[PDB]
Each structure stands twice: as structure tokens, then as C-alpha cells.
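The block underneath contains the structure these notes are about, expressed in C-alpha cells.
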Amino acid sequence: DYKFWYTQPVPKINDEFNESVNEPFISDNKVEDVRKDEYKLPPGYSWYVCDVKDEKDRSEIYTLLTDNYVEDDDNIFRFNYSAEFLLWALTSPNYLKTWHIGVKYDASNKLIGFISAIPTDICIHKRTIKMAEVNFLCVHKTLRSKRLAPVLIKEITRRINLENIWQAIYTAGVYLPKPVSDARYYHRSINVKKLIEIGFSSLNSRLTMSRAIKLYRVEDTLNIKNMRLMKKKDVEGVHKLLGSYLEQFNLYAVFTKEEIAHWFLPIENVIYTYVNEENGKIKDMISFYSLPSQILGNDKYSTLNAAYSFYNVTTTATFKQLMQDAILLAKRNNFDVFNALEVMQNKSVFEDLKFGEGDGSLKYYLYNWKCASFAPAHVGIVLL
Ligand SMILES: CCCCCCCCCCCCCC(=O)SCCNC(=O)CCNC(=O)[C@H](O)C(C)(C)COP(=O)(O)OP(=O)(O)OC[C@H]1O[C@@H](n2cnc3c(N)ncnc32)[C@H](O)[C@@H]1OP(=O)(O)O
Ligand SMILES: Cc1nn(C)c(C)c1CCOc1cc(F)ccc1-c1ccc2n[nH]c(CN(C)C)c2c1
Ligand SMILES: [Cl-]
Ligand SMILES: [Mg+2]
């Protein structure tokens with residue numbers, strides 16, 4: 027029924043717009059009219075403004091997500107974003123602390139719910155709009171299906187609207203009204219044996235354990251020999267290479283130089299960016315972020331270490347050669363699996379690089395924006 031979502035400025039399930047339509051559902055909004063009162067929570071619960079730069083507040087959000095965030099549909103895995111990752115994801119340029127919103131249970135003083143947004147310029151069908159990127163919506167497992175999530179959504183919407191921002195971008199694995207695009211994810215095994223042992227990958231009469239290990243073996247030599255960790259000096263070149271590449275897509279962030287520095291400069295166990303510099307110019311880049319999943323109820327292993335493809339651009343090799351190098355660099359950094367969506371040019375390399383199709387898809391959404399939907403090869407953004 028989508029009783030909440032149908033009250034919002036998003037498409038109805040049967041809405042379909044042609045390419046001539048690219049505009050808000052509701053225009054001419056006024057900051058002066060935005061509600062100044064916080065949304066009401068159930069008795070015994072309070073809003074809390076989280077300071078993600080404070081280790082202890084950050085640790086509280088970490089605990090909440092570690093125990094209560096996204097699981098696969100089979101409840102095999104739960105994402106385990108690290109505390110340092112959450113710091114990086116939430117403190118990008120021009121972030122607002124007041125868009126990092128917790129809910130505590132007053133009697134215990136414990137965080138039981140969270141939602142966040144960061145500001146970003148988003149180009150949708152060639153029009154650039156200031157938007158909020160919404161992420162990390164979480165309600166404690168003990169409080170599910172009590173209609174807390176709409177309260178968190180309405181509260182962050184209000185706080186974003188105070189900043190004269192009337193559009194947002196968000197992704198989720200669940201189907202809601204109504205995706206602008208839908209991208210399946212794919213997985214390239216690196217540590218075959220571990221993936222077999224936790225039930226992620228499978229063997230058969232033909233594909234024995236030794237044969238599976240041989241199938242996924244990689245040569246420890248880069249196609250692009252000088253591919254190296256990104257440094258501060260490379261910010262301008264990455265901004266140029268990536269900024270120009272992303273313009274071909276129907277949906278992408280318009281990164282400033284400060285944003286390139288934030289989103290790409292390497293942080294161990296968070297974000298890995300490699301570049302190929304020729305003549306002091308950056309001609310190729312690979313990036314992937316670290317997102318482990320807790321393995322629920324495996325005796326031997328507690329964590330699946332997974333690298334997630336982020337942004338990859340080549341001008342001196344084929345895309346297949348570049349992504350082969352990305353897999354090698356993820357292997358060199360101890361990742362068990364390399365995960366990618368069928369966005370950008372990714373799908374074209376999946377068969378040849380031995381990726382397997384996963385069990386689901388990630389849906390991309392816009393809030394308060396009507397436009398034509400499109401195939402995921404036309405998506406040029408990755409949300410964390
Ligand atoms: C201009 C600025 C605008 C800013 C805002 C832009 C919009 C941002 C939107 C948020 C983007 C988040 C991006 C991410 O972080 S995606 C990751 C979301 N997090 C998880 O999956 C973590 C594990 N699950 C949970 O913590 C809870 O199940 C959550 C909190 C997800 C729902 O709690 P609960 O299960 O206890 O349910 P309820 O009774 O309170 O609420 C039921 C209502 O909630 C709607 N629902 C359920 N899941 C989602 C979902 N993932 N996006 C949007 N809506 C969702 C659902 O359709 C129903 O509405 P309707 O079907 O009756 O209509
Ligand atoms: C492994 C694994 N562990 N878990 C917990 C899942 C869902 C998987 C399957 C692989 O999932 C993926 C694989 C990819 F290559 C890319 C994305 C996902 C994925 C799926 C569902 C999600 N819901 N919320 C987010 C977070 N963010 C984008 C809003 C999700 C991210
Ligand atoms: Cl209301
Ligand atoms: Mg609830």
C-alpha cells in the first residue's frame with residue numbers, strides 16, 4: 027500500500043515520465059514555511075544530535091549499526107561498517123552535524139535509531155541540483171515495524187529543507203516508490219576456500235575445491251605497471267579525469283576539488299584509490315572502499331572482508347584490463363571478494379573477469395524529482 031510513501035513527493039508505482047520531463051514534483055518551496063518544531067517521537071524517546079567527530083558518539087553509532095543494520099535477504103550477513111568509515115562517509119565537505127540524527131531511549135540513554143544526510147551536487151539528465159544524500163537509516167531490531175522510520179525520514183527532510191534543499195538521492199535494496207534505476211550486484215571471488223567454507227560460493231562434482239581455487243587464481247602483476255596509491259598532489263588530475271568521465275551518465279555527483287580530496291585520498295581499511303601518472307598527468311584511476319560483512323553463525327569465520335568497486339576510469343588500457351588490476355589490488359590488500367554493481371561500464375567485464383551474479387539489486391531513488399527512469403549502465407554514481 028505504501029501508506030507513508032504515497033504522502034511524499036515521489037512517483038506513484040505506475041508513474042512513467044518521458045525524457046521531456048525533468049523537474050520537481052513540488053516547486054517554489056519556501057524556507058520560511060518549513061516547520062521549526064522537531065517531529066514527535068513516542069513517549070520515552072528523544073532526538074539526539076550525534077557528533078561523529080567525537081570518538082564516543084561515533085562508537086555509539088558504530089554499535090547500533092553493527093548489531094542492527096542491513097542484512098542480506100537470507101540473514102547470512104550483516105554489514106559492519108567500521109567507525110573510521112563512518113567518520114569518512116559523514117564528514118565530507120560542507121557536512122552538517124545537525125543532519126546526523128540519533129534517537130535515544132531516555133531511560134537507558136542508549137541510541138536506538140539513526141539517519142544521516144550529506145550535501146552533494148547531483149546531475150540528473152543534465153540538470154545539476156543541490157541535493158542531500160541520505161544513508162545509514164537504522165532502527166534497533168527490538169523496535170521494528172512501529173513506524174519509527176517515517177519519523178526519522180520526515181525529521182531529516184525538515185532539517186534538509188531548512189537549508190533550502192528540496193531534493194535528495196538515496197539507495198536501498200528494498201523496492202519503494204519508485205526507482206530511477208535498478209542495478210544488480212555481482213561478486214568476484216578472491217579467497218575461494220573461505221567463500222566455500224561460509225556457503226557464499228559452491229562446489230560440485232566437476233568443480234572440486236582444487237579446481238575452484240585454480241579457476242579464480244590471479245597473476246600478481248599489474249596490466250598498468252605504474253598504478254600506485256593516490257597522493258595529495260594527484261587531486262587536481264583525478265578531479266579532471268573523473269569529472270570529465272562522469273558527464274556521459276544520466277545520474278552522477280558533480281565533484282569539486284575539495285570533494286575529490288575527501289572521497290578519494292586513501293585511508294587504510296576505508297578507501298583505496300590508485301592512479302597512473304604519465305608526464306605529471308593522471309590518465310587512469312581505480313578506487314574501491316572497504317565494507318566488511320559480519321557472518322552470522324559461522325563457527326570459523328566472523329567477517330567477510332569485501333572491497334566494493336567505487337570509481338574506475340581508463341584512458342591507456344581497456345576497461346577489462348583496468349578492472350583486472352582493480353581485482354589484483356583488492357587481493358593485494360587482503361580482501362576476500364570484490365563486489366560491483368552493473369553501473370557505468372561495469373557489466374561489460376563481468377563475464378570475462380569471472381564475476382558471479384548475486385542474489386539481489388540496489389535501487390536508486392530521487393526525492394521530489396520527476397524524470398524518465400533508465401538502465402543502470404546510465405547510472406554514474408555509487409553510494410556507500
Ligand atoms: C529533500 C530532502 C528529503 C530527505 C529524505 C529523502 C528520503 C530518504 C528515505 C530513506 C533512505 C534510506 C537509505 C538507507 O539507509 S538504505 C538502508 C536502510 N537500513 C536498513 O535496511 C537497516 C535494517 N533495517 C532497519 O533498520 C529498519 O527495517 C528500517 C529503519 C529500514 C525501517 O524500519 P521498520 O522496518 O521498523 O519500519 P517502520 O514501521 O518504522 O516504517 C515502515 C515504513 O518505512 C519504509 N521503509 C522501510 N525501509 C525503508 C528504506 N530502506 N528506505 C526508505 N523507506 C523504508 C516502509 O516502506 C514503510 O513505509 P510504507 O511502505 O508504509 O509507505
Ligand atoms: C555481502 C553482503 N552483505 N550484505 C549485508 C548484503 C546486503 C550483501 C550483498 C551485497 O550487497 C551489495 C553489493 C554491492 F556490490 C553493492 C551494493 C550492495 C548492497 C545491497 C543492499 C543494500 N542496502 N543498503 C546498502 C548500503 N548503501 C548502498 C545504502 C546496500 C548495499
Ligand atoms: Cl506528519
Ligand atoms: Mg519502527
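Residue 27 is where the sequence shown starts when you use PDB author numbering, and the numbers rise one by one after that. Positions of the beta carbon are idealized from the N, C-alpha and C atoms, including for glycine.
Within 8 Å of the C-beta of residue 171 there is at least one heavy atom belonging to ligand 1. Apart from sequence neighbours up to five positions away, the residues of its chain that approach residue 193 with a beta-carbon distance below 8 Å are 50, 148, 155, 156, 157, 158, 392, 393, 394 and 395, ordered along the chain. Annotated three-state conformation of residue 231 is coil, per DSSP. Between residue 319 and residue 333, the beta carbon gap of about 12 Å keeps them out of contact (Cβ cut-off 8 Å).
Around the beta carbon of residue 337, 16 or more other beta carbons sit within 10 angstroms, so the residue counts as buried. Rounded to whole angstroms, the separation of the alpha carbons of residue 342 and residue 357 is 22 Å.
Distance from the CA atom of residue 125 to the CA atom of residue 177, rounded to whole angstroms, is 14 Å. The continuous alpha helix (DSSP H) containing residue 265 extends over residues 261-272. Considered as a whole, the segment 101-170 harbours 103-105, 126-131, 136-150 and 153-165 as its complete beta strand (DSSP E) runs of no fewer than 3 residues, in chain order. In terms of CA proximity to residue 366, 405 leads the group 405, 42 and 92. Of 161, 34, 289 and 216, the smallest CA-CA separation from residue 258 is found for 289. Under the DSSP definition of a beta bridge, residue 73 partners with 129. Checking the 8 Å criterion, the Cβ of residue 156 is out of range of every heavy atom belonging to ligand 1. Assignment of residue 207 by DSSP, reduced to helix, strand and coil, places it in the strand class.
Residue 185 carries a helical assignment under DSSP once its states are collapsed to helix, strand and coil. Three or more Cβ pairs closer than 8 Å define a contact, and the segment 85-93 meets that threshold against the segment 164-183.
In the DSSP assignment, residue 88 falls within the alpha helix (DSSP H) that extends over 81-94. When distances are taken from the beta-carbon of residue 406 to the heavy atoms of ligand 2, even the shortest one reaches 8 Å or more. Residue 375: member of the alpha helix (DSSP H) spanning 373-376, first to last residue. By the neighbour-count criterion, in which a residue is buried when 16 or more other Cβ atoms sit within 10 angstroms of its Cβ, residue 381 is buried. Taking a C-beta distance under 9 Å as the contact criterion, residue 232 and residue 402 do not qualify as a contact pair. Residue 335 and residue 255 have their C-alpha atoms roughly 16 Å apart.
Our two residues, residue 152 and residue 317, have alpha carbons roughly 31 Å apart in a direct line.
The beta carbon of residue 322 is closer than 8 Å to those of 97, 101, 102, 103 and 104 in its chain, skipping five residues each way along the sequence. In this model, residue 61 and residue 386 are separated by some 38 Å (Cα to Cα).
For residue 261, same chain residues with a beta-carbon under 7 Å away, outside a window of 5 residues either side, are 283, 286 and 287 in chain order. Per DSSP, the unbroken beta strand (DSSP E) holding residue 320 starts and ends at 319-321. Taking non-hydrogen atoms of ligand 1 into account, the C-beta of residue 27 is found less than 8 Å away from one of them. Beta-bridge analysis with DSSP links residue 386 to no other residue.
In the same chain as residue 74, and ignoring 5 residues on each side of it, the C-beta atoms closer than 6 Å to its own belong to 128 and 130, in chain order.
If you check the CB distance, residue 72 and residue 205 do not come in under 9 Å. In this structure, DSSP gives residue 310 an extended state, which the three-state scheme calls strand. The straight-line gap separating the alpha-carbon atoms of residue 64 and residue 235 is approximately 57 Å.
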